[PDB]
Amino acid sequence: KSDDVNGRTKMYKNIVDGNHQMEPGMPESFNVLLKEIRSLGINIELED
Amino acid sequence: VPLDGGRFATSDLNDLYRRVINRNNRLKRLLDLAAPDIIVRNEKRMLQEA
Amino acid sequence: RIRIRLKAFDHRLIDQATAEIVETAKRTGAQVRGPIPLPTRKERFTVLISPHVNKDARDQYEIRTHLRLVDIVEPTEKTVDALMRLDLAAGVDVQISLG
Amino acid sequence: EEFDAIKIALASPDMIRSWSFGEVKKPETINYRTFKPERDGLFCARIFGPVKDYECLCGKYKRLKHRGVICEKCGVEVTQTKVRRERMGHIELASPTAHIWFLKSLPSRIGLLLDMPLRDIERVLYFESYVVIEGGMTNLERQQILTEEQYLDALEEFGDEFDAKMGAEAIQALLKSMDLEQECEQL
Amino acid sequence: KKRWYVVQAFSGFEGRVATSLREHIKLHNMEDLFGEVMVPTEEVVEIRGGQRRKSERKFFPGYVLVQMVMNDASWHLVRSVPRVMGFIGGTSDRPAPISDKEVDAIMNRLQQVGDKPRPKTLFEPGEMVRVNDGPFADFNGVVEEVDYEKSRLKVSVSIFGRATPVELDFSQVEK
Amino acid sequence: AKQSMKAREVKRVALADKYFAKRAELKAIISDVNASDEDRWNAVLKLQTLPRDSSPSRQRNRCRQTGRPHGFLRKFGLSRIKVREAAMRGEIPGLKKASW
Amino acid sequence: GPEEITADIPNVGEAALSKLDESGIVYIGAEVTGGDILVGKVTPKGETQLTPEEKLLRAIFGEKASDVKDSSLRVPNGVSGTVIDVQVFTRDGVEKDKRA
């Protein structure tokens with residue numbers, strides 16, 4: 001409902017077609033947190 | 001962001017990066033043309049503080 | 001100043017082109033010089049029309065190359081660039097020259 | 001995607017180069033004739049990508065059967081503008097520079113890594129003292145901090161093999177010449 | 001004997017700092033304690049040039065050179081000159097003169113200011129030049145022709161089709 | 001004209017294209033009054049050695065459609081007969097019957 | 001170019017423009033709803049793909065706007081009202097329209 005842009009367009013198609021279902025994905029503001037921590041000398045990642 | 005007045009009240013980050021790039025380009029030019037070492041010490045102090 | 005040399009075989013077409021160019025100039029910039037007609041080149045050709053022999057039998061063709069000299073006195077930022085996207089009709093060789 | 005861990009660590013300069021797609025070199029942001037940005041300042045196009053989707057700065061590619069090829073005029077890969085949210089650039093500092101989070105976080109990690117109090121490190125990093133690196137067979141130690149008259153002494157009597165520097169280059173040489181195995185065994 | 005020292009001013013008001021410094025010297029009449037004041041020299045505009053006009057020449061990045069001696073009175077004098085931050089040296093008690101061994105090599109480079117130099121350059125058609133002078137300013141294009149005998153790069157401002165072909169000088173346009 | 005003739009012409013053209021730089025140079029050398037006699041002689045001999053078809057004064061302008069040597073026009077690259085046909089068809093731009 | 005306040009506006013019909021006068025500004029006294037048009041305002045677009053008709057329409061009226069991008073002022077969604085007072089201020093040099 002809030003952040004994930006591909007998630008909410010999938011949600012809007014799924015609501016107007018009657019299928020109550022969410023494809024979760026990732027918050028885009030967490031990627032903003034990764035870019036702000038990564039823009040320092042810090043190397044944050046996502047393992048596996 | 002535009003403020004709808006013909007001008008851009010900029011965010012603080014672009015000001016900070018602009019200060020670092022000004023000071024760094026002036027330090028590259030002063031290490032280029034063989035400045036006296038007191039002035040490049042002062043310039044490196046300014047870059048570290050920026 | 002931007003001198004513009006329009007050259008074409010069809011006169012009407014050339015005229016049309018010239019007008020268009022003027023229009024392009026006049027909205028963006030100011031003080032378009034004007035569409036000055038230079039002399040037309042009437043390059044003539046005679047040929048024998050028989051396959052074999054009959055020398056007095058002849059066709060005399062010609063190609064009328066028309067010239068239009070358009071000049072622009074003040075080249076602004078907006079004006080000169082406007083011509084880049086503004087291509088003219090086919091069969092009209094233009095030739096812009098600043099200074 | 002799928003992941004089970006968030007790893008945090010320091011970042012080598014090769015890592016910062018490998019994140020980066022270009023180099024920022026000038027401080028201009030916008031042209032303010034149009035709002036087409038200046039190459040290659042902070043807001044760029046050939047570092048960070050196109051402003052408009054599949055809309056090349058120069059404009060030459062806009063076909064559905066013509067995707068993947070990059071531009072030649074402005075050299076802007078006709079892609080999406082979402083990629084201006086993820087491409088990073090790098091600045092090559094002309095002289096090295098001490099990070100502030102490892103210098104003044106109380107405790108100082110550079111402080112209790114070098115076995116050296118924070119006041120000497122601040123007086124070296126701001127170009128108002130001298131620290132010793134590669135002291136040689138002289139009277140001077142390794143972590144001995146100096147001053148102007150003492151460096152005049154040490155360069156008159158020992159202008160040869162003695163060495164000492166100042167600023168972030170000196171701290172970088174101290175931290176690079178640190179041998180961690182010897183420090184583990186000695187402690 | 002008067003040795004040299006470096007003064008920091010508010011960068012941009014440097015000529016006014018130099019004038020106010022000369023005037024404070026001739027006010028507090030320590031005329032035997034100041035030799036010169038050196039500011040913004042070594043002009044070069046942008047690329048090359050054999051005519052006048054041009055201008056926009058600047059090398060001094062905000063530092064004022066002063067021939068001086070060191071008494072605390074003259075030190076307070078130079079720091080009481082307005083729009084002056086302070087000297088730049090090892091310490092603020094006894095601030096630092098610069099050198100003298102690098103003055104001999106700088107003297108030979110200053111004597112060769114204009115005698116025999118101005119190295120040649122080069123260019124090519126790609127990708128596109130930049131115009132920043134005349135109505136074509138703020139526009140880009142490509143150089144189809146490059147007359148090295150007339151020093152005129154023929155650039156039509158790199159626009160699709162037959163737009164406006166023109167001739168711009170090397171300084172009139174940027175690579 | 002024949003095919004063979006056309007082929008020959010083409011060959012000649014090719015030769016001309018090939019040997020232009022050298023031939024021209026040789027000519028220049030021969031001309032140059034401020035030069036050695038022996039050198040000049042060599043140049044003259046050198047020229048002889050080069051193929052004859054290398055000369056541009058060897059190749060005849062033929063019609064680009066029919067290969068007819070005579071009745072040629074340069075502007076169109078066509079023999080009179082073909083040119084006329086083209087004109088009639090509308091295929092030559094700008095060209096129409098002239099009267100004055 | 002500059003903007004247009006005039007009522008010759010694309011993408012709209014009679015049902016919007018009945019509550020505006022011949023120069024874009026709503027009347028004094030017109031009781032409006034939430035989401036009508038008070039001031040009609042259109043900004044420049046561009047020719048881009050100047051076609052035969054587009055090029056012929058850019059040399060018949062002598063204006064280059066042409067279709068424009070609607071940016072008209074609207075009543076914010078929710079509020080009714082009655083327009084009681086209209087002020088028009090003009091920076092000097094600009095042509096005053098008929099309602100000013």
# chains A, B, ... in the order shown; residues from 1 in each chain; ligands from 1

call {"tool": "residues_around", "arguments": {"residues": "segment 62-68 of chain C", "least_positions_apart": "3", "cutoff": "10 Å", "atoms": "only C-alpha atoms", "output": "NGL selection string"}}
result
(:C and (4-12 or 14-15 or 17-18 or 34-46 or 71 or 92-94)) or (:F and (92-99))

call {"tool": "select_by_dssp", "arguments": {"residues": "segment 6-103 of chain E", "states": "helix (DSSP H, G or I)", "output": "MDAnalysis selection string"}}
result
chainID E and resid 14:27 31:33 72:80 103

call {"tool": "atom_distance", "arguments": {"atom1": "atom CA of residue 1 of chain G", "atom2": "atom CA of residue 69 of chain G"}}
result
12.6 Å

call {"tool": "residues_around", "arguments": {"residues": "residue 40 of chain F", "least_positions_apart": "6", "cutoff": "12 Å", "atoms": "only C-alpha atoms", "output": "list in words"}}
result
residues 25, 26, 27, 28, 29, 30, 31, 32, 33, 34, 46 and 47 of chain F

call {"tool": "write_last_selection", "arguments": {"atoms": "N, CA and C atoms", "output": "compact mmCIF listing (two decimals), in the first residue's frame"}}
result
# COMPACT_ATOMS: atom_id res chain seq x y z
N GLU F 25 52.70 11.74 -59.10
CA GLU F 25 54.00 12.03 -58.48
C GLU F 25 55.10 12.05 -59.54
N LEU F 26 55.06 11.03 -60.38
CA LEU F 26 56.02 10.86 -61.47
C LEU F 26 55.99 12.07 -62.40
N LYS F 27 54.77 12.45 -62.74
CA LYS F 27 54.51 13.60 -63.62
C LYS F 27 55.13 14.86 -63.03
N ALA F 28 54.87 15.04 -61.75
CA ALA F 28 55.38 16.19 -60.99
C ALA F 28 56.90 16.25 -61.06
N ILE F 29 57.49 15.09 -60.83
CA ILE F 29 58.95 14.92 -60.85
C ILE F 29 59.51 15.34 -62.21
N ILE F 30 58.84 14.85 -63.24
CA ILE F 30 59.24 15.11 -64.62
C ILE F 30 59.19 16.62 -64.90
N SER F 31 58.12 17.24 -64.43
CA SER F 31 57.92 18.67 -64.63
C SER F 31 59.01 19.46 -63.94
N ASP F 32 59.25 19.12 -62.67
CA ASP F 32 60.01 19.98 -61.75
C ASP F 32 61.37 20.39 -62.33
N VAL F 33 61.44 21.65 -62.78
CA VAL F 33 62.66 22.22 -63.36
C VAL F 33 63.84 22.24 -62.37
N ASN F 34 63.54 22.44 -61.08
CA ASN F 34 64.54 22.39 -60.02
C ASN F 34 64.76 20.94 -59.55
N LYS F 46 60.25 5.31 -65.63
CA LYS F 46 59.35 4.72 -64.64
C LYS F 46 57.91 4.75 -65.14
N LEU F 47 57.54 5.91 -65.69
CA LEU F 47 56.20 6.14 -66.23
C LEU F 47 55.89 5.11 -67.31

call {"tool": "closest_residue", "arguments": {"among": "D:83, D:51, D:58, D:106", "to": "chain E", "atoms": "only C-alpha atoms"}}
result
D:58

call {"tool": "interface_residues", "arguments": {"of": "chain D", "to": "chain B", "cutoff": "8 Å", "atoms": "only C-alpha atoms", "output": "mmCIF file with N, CA, C and O atoms, in the first residue's frame"}}
result
data_model
loop_
_atom_site.group_PDB
_atom_site.id
_atom_site.type_symbol
_atom_site.label_atom_id
_atom_site.label_comp_id
_atom_site.auth_asym_id
_atom_site.auth_seq_id
_atom_site.Cartn_x
_atom_site.Cartn_y
_atom_site.Cartn_z
ATOM 1 N N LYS D 25 33.429 15.570 -12.206
ATOM 2 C CA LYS D 25 34.607 16.412 -12.316
ATOM 3 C C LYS D 25 34.346 17.901 -12.158
ATOM 4 O O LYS D 25 35.290 18.632 -11.838
ATOM 5 N N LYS D 26 33.129 18.377 -12.359
ATOM 6 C CA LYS D 26 32.812 19.793 -12.282
ATOM 7 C C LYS D 26 31.674 19.999 -11.294
ATOM 8 O O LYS D 26 30.913 19.073 -11.020
ATOM 9 N N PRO D 27 31.553 21.192 -10.710
ATOM 10 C CA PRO D 27 30.496 21.415 -9.718
ATOM 11 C C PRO D 27 29.188 21.980 -10.249
ATOM 12 O O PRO D 27 28.316 22.290 -9.433
ATOM 13 N N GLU D 28 29.012 22.146 -11.556
ATOM 14 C CA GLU D 28 27.748 22.680 -12.049
ATOM 15 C C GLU D 28 26.663 21.615 -12.026
ATOM 16 O O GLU D 28 26.923 20.424 -12.206
ATOM 17 N N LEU D 42 27.332 17.408 -11.222
ATOM 18 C CA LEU D 42 26.618 16.582 -10.257
ATOM 19 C C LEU D 42 25.433 15.890 -10.912
ATOM 20 O O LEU D 42 25.405 14.664 -11.032
ATOM 21 N N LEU D 93 39.678 11.957 -5.049
ATOM 22 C CA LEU D 93 40.303 12.994 -4.243
ATOM 23 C C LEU D 93 41.773 13.120 -4.601
ATOM 24 O O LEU D 93 42.475 12.121 -4.763
ATOM 25 N N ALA D 94 42.228 14.368 -4.744
ATOM 26 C CA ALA D 94 43.600 14.615 -5.167
ATOM 27 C C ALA D 94 44.597 14.231 -4.099
ATOM 28 O O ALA D 94 45.730 13.861 -4.411
ATOM 29 N N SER D 95 44.199 14.317 -2.837
ATOM 30 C CA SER D 95 44.989 13.848 -1.719
ATOM 31 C C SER D 95 44.071 13.048 -0.813
ATOM 32 O O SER D 95 42.879 13.353 -0.731
ATOM 33 N N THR D 97 42.169 11.432 2.538
ATOM 34 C CA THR D 97 41.275 12.188 3.397
ATOM 35 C C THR D 97 40.740 11.286 4.486
ATOM 36 O O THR D 97 40.230 10.207 4.192
ATOM 37 N N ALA D 98 40.844 11.726 5.733
ATOM 38 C CA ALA D 98 40.422 10.896 6.848
ATOM 39 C C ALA D 98 38.916 10.941 7.013
ATOM 40 O O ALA D 98 38.311 12.014 7.028
ATOM 41 N N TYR D 126 45.142 17.657 10.595
ATOM 42 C CA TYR D 126 44.757 18.994 10.176
ATOM 43 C C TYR D 126 45.963 19.861 9.861
ATOM 44 O O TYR D 126 45.866 21.090 9.903
ATOM 45 N N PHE D 127 47.099 19.218 9.576
ATOM 46 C CA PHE D 127 48.287 19.844 8.999
ATOM 47 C C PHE D 127 48.870 20.925 9.903
ATOM 48 O O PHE D 127 49.131 22.048 9.478
#

call {"tool": "interface_residues", "arguments": {"of": "chain E", "to": "chain D", "cutoff": "8 Å", "atoms": "only C-alpha atoms", "output": "list in words"}}
result
residues 90, 91, 127, 128 and 138 of chain E

call {"tool": "write_last_selection", "arguments": {"atoms": "C-alpha atoms", "output": "JSON list (two decimals), in the first residue's frame"}}
result
[["chain", "number", "residue", "atom", "x", "y", "z"],
["E", 90, "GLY", "CA", 53.23, 26.10, 11.03],
["E", 91, "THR", "CA", 51.89, 27.99, 14.05],
["E", 127, "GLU", "CA", 31.64, 13.58, -31.12],
["E", 128, "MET", "CA", 30.53, 17.27, -31.22],
["E", 138, "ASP", "CA", 24.52, 27.31, -25.63]]

call {"tool": "atom_distance", "arguments": {"atom1": "atom CA of residue 1 of chain D", "atom2": "atom CA of residue 44 of chain A"}}
result
15.7 Å

call {"tool": "interface_residues", "arguments": {"of": "chain F", "to": "chain C", "cutoff": "12 Å", "atoms": "only C-alpha atoms", "output": "PyMOL selection string"}}
result
chain F and resi 68+70-76+78-88+92-100

call {"tool": "write_last_selection", "arguments": {"atoms": "C-alpha atoms", "output": "short mmCIF file (atom, residue, chain, number, x, y, z; two decimals), in the first residue's frame"}}
result
data_model
loop_
_atom_site.label_atom_id
_atom_site.label_comp_id
_atom_site.auth_asym_id
_atom_site.auth_seq_id
_atom_site.Cartn_x
_atom_site.Cartn_y
_atom_site.Cartn_z
CA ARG F 68 27.53 3.88 -76.48
CA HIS F 70 29.43 8.65 -79.07
CA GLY F 71 26.74 11.24 -78.34
CA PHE F 72 27.64 11.34 -74.64
CA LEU F 73 26.65 13.98 -72.07
CA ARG F 74 28.60 14.49 -68.83
CA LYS F 75 25.90 15.91 -66.55
CA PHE F 76 23.69 12.82 -67.12
CA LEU F 78 24.05 9.00 -70.67
CA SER F 79 24.10 8.96 -74.45
CA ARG F 80 21.82 11.44 -76.17
CA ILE F 81 19.28 8.81 -77.12
CA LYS F 82 18.84 7.50 -73.58
CA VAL F 83 18.91 11.02 -72.14
CA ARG F 84 15.98 12.01 -74.34
CA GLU F 85 14.04 8.94 -73.23
CA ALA F 86 14.71 9.78 -69.60
CA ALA F 87 13.53 13.34 -70.15
CA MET F 88 10.34 12.12 -71.80
CA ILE F 92 15.69 13.47 -65.22
CA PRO F 93 14.66 16.07 -62.63
CA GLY F 94 14.12 19.66 -63.80
CA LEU F 95 14.68 18.79 -67.47
CA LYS F 96 11.96 19.86 -69.88
CA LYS F 97 11.78 20.97 -73.49
CA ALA F 98 13.17 24.49 -73.89
CA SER F 99 11.89 27.25 -76.19
CA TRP F 100 12.91 30.91 -76.45
#

call {"tool": "select_by_dssp", "arguments": {"residues": "segment 69-103 of chain E", "states": "strand (DSSP E)", "output": "mmCIF file with C-alpha atoms, in the first residue's frame"}}
result
data_model
loop_
_atom_site.group_PDB
_atom_site.id
_atom_site.type_symbol
_atom_site.label_atom_id
_atom_site.label_comp_id
_atom_site.auth_asym_id
_atom_site.auth_seq_id
_atom_site.Cartn_x
_atom_site.Cartn_y
_atom_site.Cartn_z
ATOM 1 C CA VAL E 84 41.951 39.244 6.119
ATOM 2 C CA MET E 85 41.676 35.951 7.964
ATOM 3 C CA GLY E 86 45.284 35.383 8.980
ATOM 4 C CA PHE E 87 48.657 34.053 8.027
#

call {"tool": "atom_distance", "arguments": {"atom1": "atom CA of residue 112 of chain D", "atom2": "atom CA of residue 168 of chain D"}}
result
16.9 Å

call {"tool": "decode", "arguments": {"residues": "segment 30-53 of chain E", "atoms": "N, CA and C atoms", "output": "short mmCIF file (atom, residue, chain, number, x, y, z; two decimals), in the first residue's frame"}}
result
data_model
loop_
_atom_site.label_atom_id
_atom_site.label_comp_id
_atom_site.auth_asym_id
_atom_site.auth_seq_id
_atom_site.Cartn_x
_atom_site.Cartn_y
_atom_site.Cartn_z
N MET E 30 54.74 52.30 9.11
CA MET E 30 55.82 51.32 9.22
C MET E 30 56.32 50.98 7.82
N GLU E 31 56.81 52.03 7.15
CA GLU E 31 57.19 51.93 5.74
C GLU E 31 58.45 51.11 5.56
N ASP E 32 59.30 51.06 6.59
CA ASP E 32 60.52 50.26 6.56
C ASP E 32 60.28 48.80 6.91
N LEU E 33 59.02 48.37 7.03
CA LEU E 33 58.70 47.00 7.42
C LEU E 33 57.85 46.28 6.38
N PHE E 34 57.73 46.83 5.18
CA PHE E 34 56.96 46.22 4.11
C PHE E 34 57.61 46.54 2.78
N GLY E 35 57.79 45.53 1.93
CA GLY E 35 58.40 45.77 0.64
C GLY E 35 57.46 45.87 -0.54
N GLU E 36 56.59 44.87 -0.70
CA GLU E 36 55.71 44.77 -1.86
C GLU E 36 54.40 44.13 -1.41
N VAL E 37 53.50 43.95 -2.37
CA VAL E 37 52.35 43.07 -2.19
C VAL E 37 51.97 42.47 -3.54
N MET E 38 52.05 41.14 -3.63
CA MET E 38 51.87 40.42 -4.87
C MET E 38 50.52 39.73 -4.90
N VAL E 39 49.77 39.92 -5.99
CA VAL E 39 48.41 39.33 -6.11
C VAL E 39 48.32 38.46 -7.37
N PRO E 40 47.07 38.39 -8.11
CA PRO E 40 46.43 37.65 -9.50
C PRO E 40 47.28 37.94 -10.74
N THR E 41 48.26 37.07 -11.03
CA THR E 41 49.15 37.26 -12.20
C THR E 41 49.13 36.00 -13.08
N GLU E 42 50.12 35.88 -13.98
CA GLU E 42 50.23 34.71 -14.89
C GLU E 42 48.90 34.50 -15.62
N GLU E 43 48.51 35.47 -16.46
CA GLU E 43 47.23 35.40 -17.23
C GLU E 43 47.39 34.41 -18.39
N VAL E 44 46.27 33.88 -18.89
CA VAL E 44 46.29 32.91 -20.03
C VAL E 44 44.87 32.78 -20.60
N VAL E 45 43.93 33.58 -20.09
CA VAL E 45 42.51 33.54 -20.56
C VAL E 45 42.02 32.09 -20.53
N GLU E 46 42.05 31.41 -21.68
CA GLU E 46 41.59 30.00 -21.77
C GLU E 46 42.64 29.18 -22.53
N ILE E 47 42.60 29.23 -23.87
CA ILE E 47 43.57 28.48 -24.72
C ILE E 47 44.69 29.44 -25.15
N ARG E 48 44.77 29.73 -26.46
CA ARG E 48 45.82 30.64 -26.99
C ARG E 48 45.16 31.96 -27.43
N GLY E 49 45.98 32.94 -27.84
CA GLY E 49 45.47 34.25 -28.28
C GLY E 49 46.60 35.22 -28.59
N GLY E 50 46.49 35.94 -29.72
CA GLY E 50 47.52 36.91 -30.13
C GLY E 50 46.96 38.31 -30.23
N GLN E 51 45.74 38.52 -29.72
CA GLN E 51 45.09 39.85 -29.76
C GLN E 51 44.84 40.33 -28.32
N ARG E 52 44.08 41.42 -28.17
CA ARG E 52 43.76 41.98 -26.82
C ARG E 52 42.40 41.45 -26.37
N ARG E 53 41.58 42.32 -25.76
CA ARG E 53 40.23 41.93 -25.26
C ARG E 53 40.36 40.66 -24.41
#
